[PDB]
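Before any questions on binding or motion, here is one chain by itself as structure tokens, the form solved without this ligand.
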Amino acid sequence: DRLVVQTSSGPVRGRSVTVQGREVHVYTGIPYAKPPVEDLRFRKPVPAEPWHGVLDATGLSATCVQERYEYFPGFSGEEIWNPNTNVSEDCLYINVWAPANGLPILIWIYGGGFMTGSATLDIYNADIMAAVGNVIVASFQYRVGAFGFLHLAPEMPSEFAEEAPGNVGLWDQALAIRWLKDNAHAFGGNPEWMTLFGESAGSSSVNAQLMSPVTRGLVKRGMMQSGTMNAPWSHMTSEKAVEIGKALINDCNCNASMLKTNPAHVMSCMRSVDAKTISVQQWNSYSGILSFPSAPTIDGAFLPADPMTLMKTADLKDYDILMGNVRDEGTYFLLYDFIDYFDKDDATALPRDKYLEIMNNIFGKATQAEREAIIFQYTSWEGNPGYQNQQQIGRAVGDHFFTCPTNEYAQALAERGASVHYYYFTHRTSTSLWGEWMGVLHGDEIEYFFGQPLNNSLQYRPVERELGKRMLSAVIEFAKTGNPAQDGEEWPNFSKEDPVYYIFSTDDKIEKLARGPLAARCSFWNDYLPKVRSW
């Protein structure tokens, strides 16, 4: 069977697909760890015991346990982020796309705030990327939610360290990535030619996999799409995670208080709560939009320090980073945690009642000083009263939570020596089923970097297919060379001294290279606001 690869853990059988002239053998569902169930819930992953028969790697994996958004029933645009397959803890599986010293390897880490996401959503279909880019794309489920990130070792004696260390979702990724290096050659790939790439929490996970002392050196080439660990939603102190963790582990009626005189009876209890109940109970430590109960946790291990402290010493000499943002980052989340105020589909005339309403809630955790500074920075006199006030909050959240943290991380990375290219995705895809006011939603760049516009069975305007064509190629070229730039197309490095970024759109009369606008927007958050925080 030419559709069989013998992996380090056994032969596997995949499917053949012919995309765009190339044949691709797509193997989905390869286990890379023991199903982290029963005893192994909350623990680091153990590698999968090898199998003998040819494993059926044609079915899609099961999706890691998570709840699913349905603030818009039926509305496809929401369910495309919801698990398309059965949800079970049995979810630690790999997917590998291999075309028919080895091809380059792109490993996809999905996003979803360490709380959601699956490698199997069709948005993540790597068929076109593998065929067109002639590269090996892999992906994999990692444990998300409390299943991946519950952290309680500080509250337990030393012997119980491996009971709930935290970050096992990242360890999962580490393991999956380690699995892929081992089996690179067996699928036709160069194990040293590996490239991580991901979006949001996936983008952040790429980040962690690149920086972590646990994994460092495994791969020094990463693409991060709107997700950096310095962002507030993408890192979390140990002591916070223990508070969240202690809440959940009696939110689940498991005591949580004897965690240190007789702990893992608390665990044994948490080992026998149904997953669905944790999958819903975890969210009650969520409020403060975009501060989820699970995050890369400073743990003395995978994340030994705060990300920016880690950056101070890291020397990223040989690292290639391709990172960026989409124009209207924060607008997907504004619609979600303030659906009370905003419409799915049409714009909102937001008043000033409702503007301070919303701004003051989002930022209550900050000084009145910087609260007022933010409110004034995102006041819009010249805009159509209302529409421009709604639109200015979507900027505020887009800026504070995504663009400006990754702008900051991008500058820190280049300072440490990494070769950083920055992109800004500003095209609204013609089939955006979201409200036009939300413009370029967070995640809208995914399908473009995967080359989905090239899918002639998907109605995209012609020059949108040329934007996919280009965006997909920048990812391939990056993976191949560390440099997303094309021939005769300039796209120089992004440094603090020259924070130039490429702009992907399909207006062919904008300046492709730009520096000013992003730097201005992020000067507020990254330079000025820190000064306001002086009491």
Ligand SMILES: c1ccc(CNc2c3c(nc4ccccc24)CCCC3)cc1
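Start at 1 and count along the sequence shown; that's the residue number.
One more form of this protein, deposited with this ligand bound, exists but is not displayed; see below.
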So, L441 and this ligand: in the bound PDB entry, are they within 4.5 Å at any heavy atom pair? yes
Would you check, heavy atoms only and a 4.5 Å threshold, whether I446 touches this ligand in the bound PDB entry? yes
Does the 4.5 Å heavy atom contact test between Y69 and this ligand in the bound PDB entry come out positive? yes
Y93 versus this ligand, in the bound PDB entry: is there a non-hydrogen atom within 4.5 Å? no
Name the single residue among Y341, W434, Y424, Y355 that comes within 4.5 Å of this ligand in the bound PDB entry, judging by heavy atoms. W434
From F140, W171, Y332, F197: within 4.5 Å of this ligand in the bound PDB entry by heavy atoms is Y332
Answer range among 147-155, 218-226, 369-377, 104-112 for contact with this ligand, defined in the bound PDB entry as heavy atoms within 4.5 Å: 104-112
Taking this ligand in the bound PDB entry, would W81, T116 and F292 all count as contacting it (heavy atom within 4.5 Å)? yes
